[PDB]
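Okay, here we've got a single chain as C-alpha cells, the form deposited in one PDB entry, with questions on binding and movement later.
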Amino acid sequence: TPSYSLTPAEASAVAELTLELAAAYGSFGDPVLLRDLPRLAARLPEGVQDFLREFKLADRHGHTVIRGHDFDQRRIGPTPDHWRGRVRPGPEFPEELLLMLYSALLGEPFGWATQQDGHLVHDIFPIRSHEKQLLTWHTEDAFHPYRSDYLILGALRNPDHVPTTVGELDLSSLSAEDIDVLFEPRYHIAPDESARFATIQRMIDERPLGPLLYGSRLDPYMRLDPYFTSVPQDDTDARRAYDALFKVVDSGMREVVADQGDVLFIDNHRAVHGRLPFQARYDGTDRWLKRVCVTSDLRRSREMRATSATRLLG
C-alpha cells in the first residue's frame, strides 16, 4: 500500500494555507468556499496533488495514507463531549478545510441531512452518552445507490494508537463459478436507522435485488455489509457464493493506524472498513477523527436532494 510522507516544508505549507483559508471564509455554510474548493486544492504542494491523483486514477488499492501533517494540538483544543449543540466551526476549522480540499481532489464532498445535523464534516470521538463488543466491517451505506465513492479520515489525535480496520478482495481464493453468481442481482441489502417538505422523507424507496460484485470480472468492485445482507432461502448457489466471499474478506482484514497527523483515504468500492473497540478516558484527550464523504457524481443523486445546490442527501 503506497503512502505519502510530508516533509516539514510540505507540512508547513499545508498548515499555512489551511490557516489562510480558515480566516478567509466563514464556514462550510459559505457557498463561495464550496465553489472555490477545487481551485483552492491546487494551492496544495504539488507532490500531494500528484499522489492523490495517481491513487484515484490507478483504481487498484483499497486505501492510502498521507502522513506527517502538522495538526497544532494547542489550537485544536480538547476533544469535546458531543457533536450536537456544539458551535460550528470550531478552532479545528483549519483541519476540516484540509479534508474538504482533499475531497475536492477526489470528487465532491457530500453528506446526509439526517446524520450529525447534516454537517459535511463528521466527528469521530468517544461519547459517554452513546455508550462484549462484536468486531464488524462494512462497505459504507452498501444498500444505497448513491453511497460514498471514497471516505477521508483525518486523525486529529490518537494517543493510544487505536487502528482502523480495512479489507480488500483477493480474487485468487474465489472460483469463477462463485464470482459469476455474485455479479448477478440475487442479494438483498437492508438500510439503517438513518423539516416537513417537500415530498416527505422516504421518497425513492426499497425496490429490487442486487449484486455483491460489479465492474470488471477480473478485478471487481464490492458492496459488502454482512449484518444487513440476506439471501433468499431457495437460492443455494448465491448462499454458497456469499459464504465464500465473506470468508475471503473477513480473513483478509488488516489493521491500519491513523496516528496524529495522518489522513486515511478509503476507496468505498475496493475496500470494507470497521471501527475497533477501545478504552476511552473521556477527559478531553481522547482519540478524535474527522470524516468526509466523497461522491464522484453529485448530479446522479439529484432526486434525493432538496435542491440543486445542496450536497445533503435526504
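Take the two forms, find the largest set of C-alpha atoms that superpose within 1.5 Å, and that set is the rigid core. Each residue number is its position in the shown sequence, starting from 1. Shifts are known only where both forms have a C-alpha.
What comes next is about the form deposited in another entry, which does not appear here.
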Just one entry of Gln73, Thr114, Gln201, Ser173 has its C-alpha move 2 Å or more between this form and the one not shown under rigid core superposition, and it is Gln201
Distance flag for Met203 and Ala142 (Cα, change 3 Å or more) in the other form: the two residues are closer
The CA atoms of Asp267 and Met203 move 3 Å or more in the other form, ending up closer
Displaced runs between this form and the one not shown (core superposition; 3 or more consecutive residues; every C-alpha shifted by 2 Å or more) cover 195-207
